[PDB]
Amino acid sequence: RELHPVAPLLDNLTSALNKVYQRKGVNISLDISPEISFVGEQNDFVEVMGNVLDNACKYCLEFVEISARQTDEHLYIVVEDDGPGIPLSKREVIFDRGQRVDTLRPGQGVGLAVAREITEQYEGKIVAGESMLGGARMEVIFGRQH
């Protein structure tokens, strides 16, 4: 399947988000080596990452960090923020379908339930954890990279 360099896609997403949240002054740092790529449908990668990155910008206090690594069959994108995080007791239910009635602000994404379902199409998943900053750590994993 087609190969998509990750850095440029994340750059496109950040740029769009920097606008939506320009008033908040979120500082988004990226550590994505140039060779890291995503194998699959570009829009799938962007829908998942757009939802996770929008959440980080929305809930952070100021800092958001994005990093990535890849192995032979998997791609790992980690998004960390310095916000309140996701309570231990909620790191499960946030991936289930909820009452998302008209929450369609122009920057809203597909939601985490749908984002996880997309990663599962690639034999992947999304793991909710805690960052060093104490806020959320979301690790997005896509499989089927070989």
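Quick note: we count residues from 1 along the sequence shown, nothing fancier.
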97-105 set against 52-60, stretch whose average Cα temperature factor tops the other in the entry: 97-105
Between 137-145 and 2-10 (mean CA B-factor, as deposited), the higher: 2-10
Note to self: of 27, 37, 119, 33, the C-alpha temperature factor tops out at 27
Per the coordinate record, which of the options 89, 67, 70, 42 holds the highest CA temperature factor? 89
Record-listed C-alpha B factor of residue 17: chain third: highest
